[PDB]
Protein chains: 2
Amino acid sequence: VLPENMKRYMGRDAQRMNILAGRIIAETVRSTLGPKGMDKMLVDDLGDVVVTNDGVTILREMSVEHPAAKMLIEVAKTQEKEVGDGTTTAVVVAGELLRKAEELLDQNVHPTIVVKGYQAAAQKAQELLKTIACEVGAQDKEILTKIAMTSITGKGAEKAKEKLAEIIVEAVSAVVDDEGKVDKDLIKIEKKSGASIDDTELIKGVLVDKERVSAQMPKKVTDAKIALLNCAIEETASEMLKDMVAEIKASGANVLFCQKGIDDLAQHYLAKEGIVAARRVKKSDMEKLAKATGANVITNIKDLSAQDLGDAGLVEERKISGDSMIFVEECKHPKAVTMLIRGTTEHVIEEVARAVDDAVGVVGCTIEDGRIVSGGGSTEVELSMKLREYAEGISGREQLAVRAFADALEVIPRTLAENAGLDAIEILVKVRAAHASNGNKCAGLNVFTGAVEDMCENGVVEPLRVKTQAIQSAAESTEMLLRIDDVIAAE
Amino acid sequence: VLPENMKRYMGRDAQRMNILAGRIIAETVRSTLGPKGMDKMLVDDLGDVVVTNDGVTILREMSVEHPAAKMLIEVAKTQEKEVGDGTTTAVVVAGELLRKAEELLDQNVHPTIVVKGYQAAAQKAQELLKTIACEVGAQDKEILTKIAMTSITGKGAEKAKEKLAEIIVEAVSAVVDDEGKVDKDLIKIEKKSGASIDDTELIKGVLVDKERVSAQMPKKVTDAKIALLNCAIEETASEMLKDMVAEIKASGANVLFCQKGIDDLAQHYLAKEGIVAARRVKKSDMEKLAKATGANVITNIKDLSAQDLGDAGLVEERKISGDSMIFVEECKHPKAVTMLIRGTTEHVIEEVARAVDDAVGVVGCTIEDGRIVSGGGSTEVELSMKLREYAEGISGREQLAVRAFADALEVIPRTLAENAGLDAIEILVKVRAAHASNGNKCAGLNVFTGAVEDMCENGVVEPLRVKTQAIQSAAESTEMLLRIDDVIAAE
């Protein structure tokens, strides 16, 4: 009757295997979300040994056995590539969810009915998540720097947060054309040693990774006409390589970045005339230096010409913490802007590089939705006491659906209390009571002193595409995994 | 500290053994409550075989081992003294109220919390019972019948409930003086063979269990002057025996009932004149026949008189079921009141004699207190959705407790319906929603239909003392229990 891999589990047998798998990797992930947790150390196979707190990776490495348990990576995985933030959230409440869906299924529910609850309480939840929404519109600066600070919390520096959420709002407020499309690609993040957390600056242009070629070429130009060649100023020795260099100084460059190198004796001519030049320079390089400086990007070094060519307000080669790089400031029309990040080690620079990228992301969310929620746990307790009262509206089995799915929304505000060594059942009361009466806004779980607070007036708050995706893609993922009743296993 | 007798437990060690205590005893007698509940077969160390439903006697005969188990007979035992039904009630949801409690001293709250709850929610629950009280008067007759039929429910004739309700009303609106005290002892319940369930009749008088001794007496007397001797017709032969019987004739007596005997030359003398007389008749049927008749109860024979003596339209010796009995009807001033009971055998007889004694008790309760309150399960449901709401009120520890005691109050009307088979999710939704909107009087649990019911309008309702006593007795005896925190045992 079957063959090829076959040991077979319906009903109880089934329950066990899909609950244990999903419970598992929740426990995994429970104590990594927000201010109150904690670090994990992986090791595979290659005996290789790897500290991390962040949920995707964490289930990536760990070669899994449970196939059912494999379909749950899948649901943290599609929350990182998309939005980013909330890996954690989508998933954890995807295992909790399921525990609670066990108590029932042991009431012999018709798995039928329990889904007929958590669907109509997904849906309603949409109508809830949308109103607690405390609308503040798109380019208001106050709030931009409260969505940006929350882009920077639980992090190796949330400290900076006020200087990492400023030159960020200036750098996305400066990129986006026709209010309501929201571009990342544009904001590069360079990371150099020396400073503090607050000496991060926003050069209206492009800061690349580039020496001066020829030691010839003046180490700084004033009002410079930067060229872009993506393609060859290599030909083989004497003549060819002279005709390429005397045609750059024919058109109008002082400044040249070529994605395709330089020889010796051709930088000697470049520096003969007062032309500086930057070798090997990356095509990442190229496009940024194009919108910085103002450039239309060419093919070769042989089309290089002042007209497809830029305008730039200072251009020095600056050695910065024992490495040379090329700056390109005062930029006329930056689409797209680089933010210099001063910094600790490469590790706190990188992070203030990621505490902008996911800041520009998340504000490219308050362009397209200029909603703002709910200071982490906040909107949960609100959804709580609404959707409880929603339940007294359904009737039948779907009663017992929607009640359970509210009371498991208290999962996340709970653990972030517990992790915090707090009395849960006091605060819960504190926050719930203060949310029905203040609003969206006001109604928080602050870690610190331990009591309900204005994540708003702090503000401490996060974008709205974050909360939205994290809950939907999670919620419907764990009702798939709900619903397979029959496991015939095998490799 | 230690030995003889003792092992010790604190912690989860104690906790378990009392709980086990607890749940078990209860598991036993949950099944027996209500429309929908079954028998149980007891056997003692004697060998004796014993089949009963009633939860006092169940727990009384099985030789119980756990001391803590021993605390818990005394909480169904006191409920039977009082009211009667609630045995069952007082002690199951005693056991249930434990199991919940569990979930919390596991918890880890401080048993001081639990209890903090359960006492404000017992208070409150006082305020609630008070209200779901549906209004009406002392000797109203629809509500007399209702409270009568619900003293006749889930017993061997709930049968003739209608006919058993109406002769009891009659019998207790007969007895009371100054409306607001209902006396018991004065409604005698005489069992005999042959009738049906509905042919049960109120002779405003007394019907005893003596025949006419001496064959010479008067097989029927018209307007008779009954005489009440507690004292010996008993003297040593010839003379002393006749001027005691000549003394009865000298007053007025047609009729006579002596506590004590009659020697055979004596009843030959009282039959000589037309005197009837009744042999070995107890103390019992002595201050019965005196409320019937209108007598005042004297010492000896001698004593006998016109006076001290009664008045009674009809006194005939009627074979009934082929047992001789003496009837004493059309009594002029009856304070007290035999109610002849015909059915099927002995059992159906005696049963309508129990189904009137509880019916004269609870009667006696709606005299003194003017309230009526629904079975099966109006007042449960209504406390549920009120005491839920009353939680949101409270704040802290005490939240938790009062939600767990309102949930507790549902399991009786859940089982209730299970017993049936009786998906209880739907109905409970049914009866709850109906109650918040109609009232006290019309939100039922009628087994038969399957549906929410006007207990009132149908008939089906209990008194007030029954549900008041029930409640409080049970709730603070399981709190108690839940206190003990240290067992040292035994020998």
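What counts and what doesn't
Residues numbered from 1 in each chain as written, not as in the entry; some residues may be left out. Chains lettered and ligands numbered in written order. Part of a larger assembly, values for the part shown. Heavy atoms only, no water. Least-squares fit on C-alpha atoms. Contact = heavy atoms within 4.5 Å. Buried area = accessible area lost by both parts, 1.4 Å probe. Salt bridge = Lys/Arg side-chain N within 4 Å of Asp/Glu carboxyl O. Polar contact = N/O pair within 3.5 Å; in protein donor to acceptor, adjacent residues only side chain to side chain. Helix = DSSP H or I, 4+ residues; strand = E, 2+ residues; numbered from the N terminus. Patch = residues over 30% accessible without salt bridge, like charges linked within 9 Å, V, L, I, M, F, W, Y side chains within 5 Å. Areas by Shrake-Rupley, 256 points an atom, 1.4 Å probe, with all protein chains shown as cover. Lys, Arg positive; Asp, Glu negative; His and termini not counted. Charge placed at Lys NZ, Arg CZ, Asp CG, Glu CD. Pairing = 2+ DSSP bridges. Buried < 20%, exposed > 50% of the residue type's maximum accessible area, 1.4 Å probe, protein only. Axes fitted to C-alpha atoms, helices over the stretch in contact; angles between N-to-C directions. Parallel < 35°, antiparallel > 145°, perpendicular 65-115°, else oblique. Left-handed = near helix turned anticlockwise from the far one by under 90°. Domains from an automatic or database assignment. Nonpolar A, V, L, I, M, F, W, Y, C, P; charged D, E, K, R; others polar.

If you check the header, you'll see the entry was determined by cryo-EM and the resolution is listed as 8 Å.

J.: Sorry, what's going on with the relation of the copies chain B and chain A here?
T.: Here the two chain copies are tied together by a rotation about an axis and a shift along that axis. Aligned on chain A, chain B shows an RMSD of 0.6 Å; the corresponding rotation is 180° and the shift along the axis is 0.1 Å. As the rotation angle and translation indicate, the two copies are arranged about a two-fold axis. Distance from the rotation axis, computed per C-alpha, reaches its smallest value in chain B at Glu389(B): 5.6 Å. A symmetric contact is evident, with 93% of the interface residues of chain B recurring at the interface of chain A.

J.: Looking at this model, I keep getting lost on the interface of chain B and chain A. Mind explaining?
T.: By convention, interface size is frequently given as the accessible area that disappears when the constituent parts associate. Each partner contributes to the interface: chain B provides 15 residues, whereas chain A provides 15 residues. Carbon and sulfur atoms supply 42% of the area buried between chain B and chain A, which totals about 1,200 Å² over both sides. Across the contact surface, chain B and chain A share two salt bridges. A salt bridge links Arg397(A) to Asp423(B), with the nearest nitrogen and oxygen atoms 3.5 Å apart. Counting across the chain B and chain A interface gives one residue pair in polar contact. Those elements that provide at least two residues to the side of chain B that touches chain A are helix 15 (378-394), helix 16 (397-408) and helix 18 (424-435) of chain B.

J.: Whenever I open this one, a negative patch on the surface confuses me. Can you help?
T.: Taken together, the side chains of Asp177(B), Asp178(B), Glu179(B), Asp183(B), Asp185(B), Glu287(B) and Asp357(B) define an acidic patch exposed on the protein surface. Topologically, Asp183(B) is positioned in the loop between helix 8 (161-172) and strand 5 (187-188).

J.: Looking at this structure, how should I read the sheet that holds strand 16 (residues 461-462) of chain B?
T.: To summarise the sheet geometry, strands pair through backbone hydrogen bonds and adopt either a parallel or an antiparallel arrangement. The antiparallel open sheet is built from three strands, whose spatial order is 4-15-16 (chain B). Both outer strands of the open sheet, strand 4 (134-135) and strand 16 of chain B, are each paired with one neighbouring strand and no more.

J.: Can you walk me through the environment of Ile132(B) in this structure?
T.: All names here are of chain B. Relative to the elements of secondary structure, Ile132 occurs in helix 6 (residues 114-132). Residue class for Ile132 comes out buried when judged on its relative accessible area of 1%. The sequence separation of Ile132 and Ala246 amounts to 114 residues, and the corresponding C-alpha distance is 65 Å. The residues contacting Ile132, other than those within four sequence positions of it, are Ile372, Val373, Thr379, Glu382, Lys386 and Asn440.

J.: Would you mind showing me how to read the pairing of strand 10 (residues 312-319) of chain B here?
T.: Where a strand is regular, its side chains alternate between the two sheet faces. All names here are of chain B. Sheet topology note: the strand 7 (residues 220-221)/strand 10 ladder contains two bridges and is antiparallel. Its bridge partner lying in strand 10, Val221 is registered against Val315. Hairpin remark: strand 10 followed by strand 11 (residues 324-326), antiparallel, with four residues in the connecting loop; positive phi at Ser321, about 75°.

J.: What is the right way to look at the packing of helix 1 (residues 11-28) of chain B against helix 5 (residues 87-105) of chain B in this model?
T.: Two numbers describe a pair of packed helices, the interaxial angle and the distance between the axes. Residue and element names in this part refer to chain B. The contact between helix 1 and helix 5 brings their axes to 8 Å, and the two run at 140°. Viewed along their axes, helix 1 and helix 5 adopt a mutual orientation that is oblique. Remark: the crossing between helix 1 and helix 5 carries left-handed chirality. Contacts from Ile19, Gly22, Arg23 and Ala26 in helix 1 reach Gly95, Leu98 and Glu102 in helix 5.

J.: What should I look at first to understand the domain arrangement of chain A in this one?
T.: Residues and elements named next belong to chain A. Segmenting chain A into domains produces domain 1 (5-136 + 371-491), domain 2 (137-203 + 335-370) and domain 3 (204-334). When each unit is reduced to the centre of its C-alpha atoms, the spacing between domain 1 and domain 2 is 28 Å. If you look at the interface, domain 1 gives 15 residues, while domain 2 gives 16 residues. Taken over both partners, the interface formed by domain 1 and domain 2 buries close to 1,400 Å², and the fraction arising from carbon and sulfur atoms is 57%. For domain 1, the biggest contributors to the area lost against domain 2 are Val136, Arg371 and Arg465; these three give 39% of the whole. In this structure, the connection of domain 1 to domain 2 is made through two salt bridges. Linking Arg371 and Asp369 is a salt bridge whose minimum nitrogen-to-oxygen distance equals 2.7 Å. Where domain 1 touches domain 2, the interface holds four residue pairs in polar contact. The set of elements that each furnish at least two residues to the side of domain 1 that touches domain 2 consists of helix 20 (455-458) and helix 21 (465-475). Residues that form the side of domain 1 that touches domain 2 fall into these classes: eight nonpolar, two polar and five charged.

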